[PDB]
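Here, each number is a calculation from the coordinates, and none is a lab measurement. Here the Cβ is made from the backbone with ideal geometry for all residues, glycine too, and neighbour counts use every protein chain on show.
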Amino acid sequence: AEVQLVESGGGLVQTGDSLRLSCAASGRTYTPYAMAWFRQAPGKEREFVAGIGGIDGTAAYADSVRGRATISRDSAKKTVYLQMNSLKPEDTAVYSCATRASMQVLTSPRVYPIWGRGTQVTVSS
């Protein structure tokens, strides 16, 4: 209700390409609270991709994006970024950002009450 999230940066790319997604937060925000990216592929369920939380900005990454992803936050712009490199067709999905009133970055979608509408990433070969 009191925080809104808007994702951008999705597109159609070729296998191997990079994309930077952004999640812009507005409203009653607090930088240390967890911000997470999830993705949902066609015919599949939502799954954690990466997240950042805490006073020091500690990042966590899913096994699925090991060595291919970087998450960062810009407190001044109230924005969290996800850089994805070496994209593959299996990365095709709606990428959505989510937040919660805790610093803990968790992997279950069910524990985040606030979601953006998502941004689509489609990777062709």
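Numbers at a glance
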{"read-out": "Qualifying trypsin sites (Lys or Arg not before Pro) for the stretch 27-125 [loop in DSSP, other Cβ within 10 Å: at most 12]", "value": "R28, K44, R66, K77, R117"}
{"read-out": "Euclidean distance of C-alpha centroids, the stretch 14-44 and the stretch 54-125, integer Å", "value": "4 Å"}
{"read-out": "Long-range HN-HN contacts of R100 with modeled amide H, under 5 Å", "value": "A34"}
{"read-out": "Selected from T92, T29, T107 as most flexible by GNM, with the chain as the system and alpha-carbon contacts under 10 Å", "value": "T29"}
{"read-out": "18 Å tail of the calculated P(r), the chain, as % of Cα pairs", "value": "46 percent"}
{"read-out": "Extension gain, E47 back to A76 (0.36 nm per residue minus Cα-Cα distance, nm)", "value": "7.6 nm"}
{"read-out": "For the chain: relative contact order, % (alpha-carbon pairs under 8 angstrom, 6 or more apart)", "value": "36 percent"}
{"read-out": "Per-residue ³J(HN,Hα) for the stretch 56-69, Karplus 6.51 cos²θ - 1.76 cosθ + 1.60, θ = phi - 60°, Hz, x for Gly and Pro", "value": "7, x, 7, 9, 9, 9, 5, 3, 4, 10, 2, x, 10, 10"}
{"read-out": "Loop GluC sites (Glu not before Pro), the stretch 1-93, which have at most 11 other Cβ atoms in a 10 Å radius of their Cβ (DSSP)", "value": "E2, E45"}
{"read-out": "Under the Karplus curve 6.51 cos²θ - 1.76 cosθ + 1.60, θ = phi - 60°, whole-Hz ³J(HN,Hα) for the stretch 113-125, x wherever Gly or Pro sits", "value": "x, 10, 10, x, 7, x, 9, 7, 10, 10, 10, 9, 10"}
{"read-out": "Theoretical FRET efficiency, 1/(1+(r/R0)^6), r = Cβ-Cβ of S124 and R66, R0 30 Å, to 0.05", "value": "0.85"}
{"read-out": "Those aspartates and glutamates that a straight Cα-Cα span of less than 14 Å connects to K88, excepting residues fewer than 8 apart in one chain", "value": "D17"}
